[PDB]
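# Structural characterization, general
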Protein chains: 2
Amino acid sequence: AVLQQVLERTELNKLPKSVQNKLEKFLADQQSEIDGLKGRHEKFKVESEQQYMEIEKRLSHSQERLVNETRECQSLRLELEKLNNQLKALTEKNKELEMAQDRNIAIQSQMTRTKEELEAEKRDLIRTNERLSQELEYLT
Amino acid sequence: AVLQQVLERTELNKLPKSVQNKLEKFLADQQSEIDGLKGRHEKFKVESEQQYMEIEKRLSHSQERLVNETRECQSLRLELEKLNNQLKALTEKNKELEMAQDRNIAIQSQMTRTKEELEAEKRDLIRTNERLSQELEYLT
């Protein structure tokens, strides 16, 4: 009953029951809406704040791990570069070792050639020796 | 006119104007609060949404960059491993070549020994052949 607030007993009693009831309900309804709008909004406000607080933590986490990762890239690039030069040096040693092997295999190949040709020369002397020796026997 | 919604034309005309004015003031005021509360919520929500969409973008951007860093980090970390194996493989190759060359020097040392020994035999055959040749001429 909000009507006794606005009007006076004399004025209010001059209103038919239907008129008061129509009025009472309408005031109640708009009053219900006021409490309704406040309830809805307040619950919304809580939701908005809670969601902002949580997406903030998600950013905090996203920021820190990007940071920890960025340093790690740098860590690799440094290590990458050091061993990259270390590899070149080893490659240099390897290529020098190959040329030595190539020189030695070539040397050995030549030394076999000289051996074989010497054996050929040696054989010629052997058969020549036989012929002289045998021919000598005729005159003994 | 907030009063007209509630009552019909006949009803309203049996009311003294003062009664209507008092009713109007109360009705207007409650309606003013309603429109006021809705204005509040609607402006609040817009602010709430804009604050979210802006921090949402900062999370989105930070994530996309975190992705690019992870991808770039992994790309490097694998390469680190890759050339790390190249060192191991090459270090083994070098160790194999060093062992091979050392074996070859020994081989060459041997071949020279075999060579000199061949030249020795060859000289002997030369002297022997000369000796037989002379001996033949003596007896012919």
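Parameters at a glance
- Residues numbered from 1 in each chain as written, not as in the entry; some residues may be left out.
- Chains lettered and ligands numbered in written order.
- Heavy atoms only, no water.
- Helix = DSSP H or I, 4+ residues; strand = E, 2+ residues; numbered from the N terminus.
- Contact = heavy atoms within 4.5 Å.
- Buried area = accessible area lost by both parts, 1.4 Å probe.
- Salt bridge = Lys/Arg side-chain N within 4 Å of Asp/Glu carboxyl O.
- Polar contact = N/O pair within 3.5 Å; in protein donor to acceptor, adjacent residues only side chain to side chain.
- Buried < 20%, exposed > 50% of the residue type's maximum accessible area, 1.4 Å probe, protein only.

In the PDB archive, X-ray crystallography is given as the structure determination method for this entry, at a resolution of 2.7500 Å.

## Quick look at the environment of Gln110 of chain B
Relative to the elements of secondary structure, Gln110 of chain B occurs in helix 3 (residues 17-139). Taking the C-alpha atoms as reference, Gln110 of chain B lies 59 Å from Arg71 of chain B; in sequence the two are 39 residues apart.

## Here we look at the interface of chain B and chain A
Size of an interface, as often reported, equals the accessible area lost when the parts are brought together. In this complex, chain B contributes 75 residues to the contact, which on the side of chain A involves 71 residues. Across the chain B to chain A interface the summed buried area is about 7,000 Å²; carbon plus sulfur atoms make up 74%. Run the count over chain B and chain A and you get four salt bridges. In this structure, the salt-bridge partner of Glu11 of chain B is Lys22 of chain A, at a minimum N-O distance of 3.4 Å. Counting across the interface, chain B meets chain A through 13 residue pairs in polar contact. For the side of chain B that touches chain A, the secondary-structure elements that each account for two or more residues are helix 1 (3-6) and helix 3 of chain B.

## Observations regarding the pattern of salt bridges
Residue and element names in this part refer to chain A. A full pass over the atoms with the stated rule returns 13 salt bridges over all chains. Of the charged contacts in the structure, one is a salt bridge between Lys93 and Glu96, with a shortest N-O distance of 3.8 Å. Taken together, the residues span about one helical turn, with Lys93 and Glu96 both in helix 3 (residues 17-138) at a distance of three residues. For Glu96, a relative accessible area of 47% puts it in the partly exposed group. Measuring nitrogen to oxygen at the nearest pair gives 3.8 Å for the salt bridge that ties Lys95 to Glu98. Pair noted here: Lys95 and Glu98 are both in helix 3, with a separation of three residues, about one helical turn. Classification of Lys95 by relative accessible area gives partly exposed; the value is 38%. Judged by its relative accessible area of 32%, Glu98 is partly exposed.

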